[PDB]
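Single chain ahead, written as structure tokens, the form deposited without this ligand.
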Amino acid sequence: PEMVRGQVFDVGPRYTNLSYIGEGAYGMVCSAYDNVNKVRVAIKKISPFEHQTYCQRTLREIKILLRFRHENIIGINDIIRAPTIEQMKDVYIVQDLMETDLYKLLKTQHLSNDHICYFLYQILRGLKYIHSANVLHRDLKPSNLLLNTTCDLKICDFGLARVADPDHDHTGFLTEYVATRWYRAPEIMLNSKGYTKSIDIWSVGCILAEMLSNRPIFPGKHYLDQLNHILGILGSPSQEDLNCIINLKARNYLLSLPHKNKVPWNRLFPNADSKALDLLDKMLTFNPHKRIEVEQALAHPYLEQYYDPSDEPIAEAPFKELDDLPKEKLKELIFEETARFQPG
């Protein structure tokens, strides 16, 4: 059994010559040489079986990634685990090795307008497919956008993904939220559980703004600072936009704030393409009902060089009840879901 840093990384014999990357939520990550396809790959060790919440996340992401097949979404190439439920303590997920991610790129590299445009197109092309399967990503951010050396972009980390549920999207003011703060839509802090597609378009808008400047646009330092950051740029919500916020704690909080005027996008981003700013404005709309949809974004003049609906596939099999399953049942479903990778 191959070791790495005194931890078992039992992946062989297909996957040889390992190297440590880092930690992920339920275990460690390494690269390795695939000896069938003759290219190096990434492998995540996952060990979720003691905790039902970890089982649900693992099973949900396996189910989603195996259902999906899209150029701009990370695939599962292989899954390694024991032949029996009783011997299965760990699962190893094998994926394409991607040289970098958009977070690392933004820390280190100036992006040309052509790079921005092409990355944005690929994000939206992948998202169109996700949304067409009735799935929400809910944690889109630069570190979840992987890139290889030819600038192919793949969306990853479906650990917070959910089937869309706009009918049950309402909640009270300051409801706790799982996804990364700086890319959360304003409504998360006000009255939304993040069960509609508009949550993802906001996060894309944040990523576009970050690409234009190499810096996060709304780097909130806590839950309500994330909103005071949003309103210092967008300006105070209009009365019309406030008519949507029926919850009094959320309404009255917004009403208590000093009036702020909109900061023009062209002043924040003086070297940006004017069509990029128009599209940015439409993604970063305070009111989620007025926020642009993925297909409208793809069809925006900024992306005209790329837009091709016949080459922007939709899911064949959209997701049309894991919360209250015990961890023992979830282990069984993870076993069943991973059965297709077993030698046979």
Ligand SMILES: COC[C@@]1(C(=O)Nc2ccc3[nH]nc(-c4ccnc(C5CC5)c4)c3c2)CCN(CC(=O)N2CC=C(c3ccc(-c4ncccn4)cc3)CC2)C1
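Take the two forms, superpose them, and find the largest set of C-alpha atoms that agree within 1.5 Å; that set is the rigid core. So that there is no doubt, residue numbering starts at 1 and follows the sequence shown.
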Please work out which of 259-267 and 204-212 has the higher mean CA B-factor as recorded in the PDB entry. 259-267
According to the deposited model, is the average Cα temperature factor higher in 127-135 or in 90-98? 90-98
Between 249, 162, 168, 104, where does the Cα B-factor run highest in the record? 168
Note to self: of 149, 143, 122, 226, the C-alpha temperature factor tops out at 226
Classify residue 288 as lowest, middle or highest third according to the C-alpha B-factor given in the PDB entry, relative to its own chain. middle
If you rank the chain by CA B-factor, which third does residue 114 end up in: lowest, middle or highest? lowest
Ranked against its chain, the third holding the CA B-factor of residue 280: lowest
Chain third (lowest, middle, highest) by recorded CA B-factor, residue given as residue 300: lowest
Split the chain's modelled residues into thirds by Cα B-factor; residue 221 lands in the highest
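There is another form of this protein, the form solved in complex with this ligand, and it is not shown here; the text below is about that form.
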Where this ligand sits in the entry with it bound, superposed onto the shown form by the site's C-alphas, are 3 or more of its atoms within 2.4 Å of backbone or C-beta (blocked), or none (open)? blocked
Residues 206, 226 and 231 are flagged as a possible site; in the entry with it bound, is every one of them within 4.5 Å of this ligand by some non-hydrogen atom? no
Have a look at 221, 104, 249, 262 for me and say which one sits with a heavy atom within 4.5 Å of this ligand in the entry with it bound. 104
Picking from 136, 146, 190, 185, the single residue whose non-hydrogen atoms come within 4.5 angstroms of this ligand in the entry with it bound is 146
Given 155-163, 124-132, 254-262, 82-90, the stretch touching this ligand in the entry with it bound at heavy atoms within 4.5 Å is 155-163
Is there a heavy atom of residue 37 lying 4.5 Å or less from a heavy atom of this ligand in the entry with it bound? no
Is there a heavy atom of residue 21 lying 4.5 Å or less from a heavy atom of this ligand in the entry with it bound? yes
Using a 4.5 Å heavy atom cut-off, state whether residue 61 contacts this ligand in the entry with it bound. yes
Spell out, yes or no, whether the shortest heavy atom distance between residue 46 and this ligand in the entry with it bound is within 4.5 Å. yes
Sequence order please: the residues of 90-122 with a heavy atom within 4.5 Å of this ligand in the entry with it bound. 95, 96, 97, 98, 99, 100, 101, 104
Would you say residue 68 moves between the shown form and the other one, meaning its CA shifts by 2 Å or more once the core is fitted? no
Is there a C-alpha shift of 2 Å or more at residue 307 between the shown form and the other one once the rigid core is superposed? no
